[PDB]
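We name chains A, B, ... by the order of the sequence lines, and we start the count at 1 in each one.
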Amino acid sequence: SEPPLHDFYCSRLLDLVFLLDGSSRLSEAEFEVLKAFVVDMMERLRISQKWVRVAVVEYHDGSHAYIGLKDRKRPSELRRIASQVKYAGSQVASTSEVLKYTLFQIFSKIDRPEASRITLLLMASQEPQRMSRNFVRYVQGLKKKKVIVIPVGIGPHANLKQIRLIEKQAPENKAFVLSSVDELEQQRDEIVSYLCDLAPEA
Amino acid sequence: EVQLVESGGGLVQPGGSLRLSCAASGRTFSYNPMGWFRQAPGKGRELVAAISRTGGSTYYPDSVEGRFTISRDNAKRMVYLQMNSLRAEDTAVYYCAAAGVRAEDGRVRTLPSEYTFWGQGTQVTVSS
């Protein structure tokens with residue numbers, strides 16, 4: 001066991017998925033700030049197979065999974081892995097494809113019905129419409145598996161209408177719309193309190 | 001559950017020292033904000049020391065401030081109360097307690113109603 005790094009320490013039943021926009025709408029330095037936000041959030045969670053489980057995926061035209069929910073590693077090592085996520089700078093970061101991945105790979109089987117399941121979709125870009133044909137189907141699929149989708153729009157190129165589409169599919173799908181990556185550290189305490197509140201204590 | 005077990009009480013002369021220990025266990029223990037209460041014979045329970053989840057903040061009432069020190073060891077899941085310059089009026093049963101109301105907030109807790117989990121108490125007697 002590893003002791004808490006902060007007074008805020010979420011010890012609840014939660015599967016938390018971090019989906020990181022891999023597009024070039026974020027510079028390499030801005031992506032660094034996004035990764036620091038993910039690490040900051042992880043430091044405030046009790047990461048363990050019996051408490052908070054985390055997954056970290058960078059999405060472009062396709063997914064690169066760095067951490068899976070079932071990965072039995074020390075929190076310190078998971079935070080190190082997240083801090084070493086490589087910059088992609090891709091042209092396309094498809095929200096449809098990464099939500100498909102979340103629905104059909106991460107939550108293909110619900111191992112923990114007693115836990116809340118939350119997807120933090122950190123978006124900085126807009127995928128081409130030719131990739132969005134099944135976007136609503138995937139968001140609806142996640143709703144049916146009781147997966148809460150929380151879009152975090154970052155910067156002026158975030159897909160605002162997909163964010164609004166996500167909010168409409170289920171009332172749990174609250175959105176956070178930010179000016180830039182610099183705002184992540186300022187809203188972090190609010191976001192993690194909100195996510196913790198969504199999870200049960202027992 | 002959360003389980004708490006205290007030790008370290010004793011019989012001391014005025015001016016003496018003790019160091020109470022409280023061992024926490026149970027799967028739902030989350031390095032909760034912890035506190036020490038004391039109960040003089042036939043009276044109520046009073047919070048005499050409190051500490052945050054990390055240990056970076058503490059609280060004592062002015063009646064024991066300067067003389068009591070609360071600390072914790074999260075690797076060992078322990079909390080401690082060092083009691084210096086003991087006075088006759090410190091005679092009481094001392095209880096270790098853990099806050100279980102919105103425990104994700106690890107700040108120091110001063111309200112007794114925030115304390116959910118309790119040890120069995122250890123006796124401190126100060127007599128000349």
* To do: Return yes when atom CD of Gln120(B) has more than 12 non-hydrogen atoms of other residues, nucleotides or ligands closer than 6.0 Å, and no otherwise.
  => yes
* **Heavy-atom contacts under 4.5 Å, residues 38-53 of chain A to chain B** => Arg46(A), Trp51(A)
* Of all the heavy-atom pairs spanning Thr54(B) and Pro4(A), show the shortest one and how long it is. => CG2-O, 4.4 Å
* **Interatomic spacing from CG in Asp7(A) to CZ in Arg53(B) - rounded to 0.5 Å** => 7.5 Å
* Structure fact -> Interatomic distance, OG@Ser193(A) vs CD@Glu104(B), rounded to 0.5 Å, equals 7.0 Å
* **Point-to-point distance, once rounded to the nearest 0.5 Å, from OG of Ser52(B) to NE2 of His6(A)** => 12.5 Å
* With sequence neighbours excluded, give me every side chain to side chain donor-acceptor pair (under 3.5 Å) pair touching residues 135-154 of chain A. => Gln140(A)-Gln169(A)
* Could you please spell out the steps behind the side-chain contact (heavy atoms from CB on, under 4.5 Å) verdict for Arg102(B) and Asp197(A)? => CA-CA 9 Å; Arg102(B) 295 311 289 275; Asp197(A) 274 346; 2.3 Å; yes
* Asked: Got more than 12 heavy atoms from elsewhere within 6.0 Å of CZ, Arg107(B)?
  -> no
* Relative to chain A, which segment of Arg27(B) carries a heavy atom at a distance below 4.5 Å: side chain, backbone, both, or neither? -> both
* Under the salt bridge (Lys or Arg N to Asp or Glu O under 4.0 Å) test, which residues partner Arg80(A), sequence neighbours left out? -> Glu77(A)
* For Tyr31(B) against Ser1(A), the heavy-atom pair lying closest together -> OH-CB, 4.1 Å
* All pairs passing salt bridge (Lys or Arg N to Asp or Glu O under 4.0 Å) where residues 90-109 of chain A contributes a residue, at least two apart -> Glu97(A)-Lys100(A)
* **Heavy atoms of other groups near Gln91(A) CD, more than 12 under 6.0 Å** => no
* To do: Please examine the side chains of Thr28(B) and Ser11(A), heavy atoms only from C-beta on, and report whether any two atoms are closer than 4.5 Å.
  => no
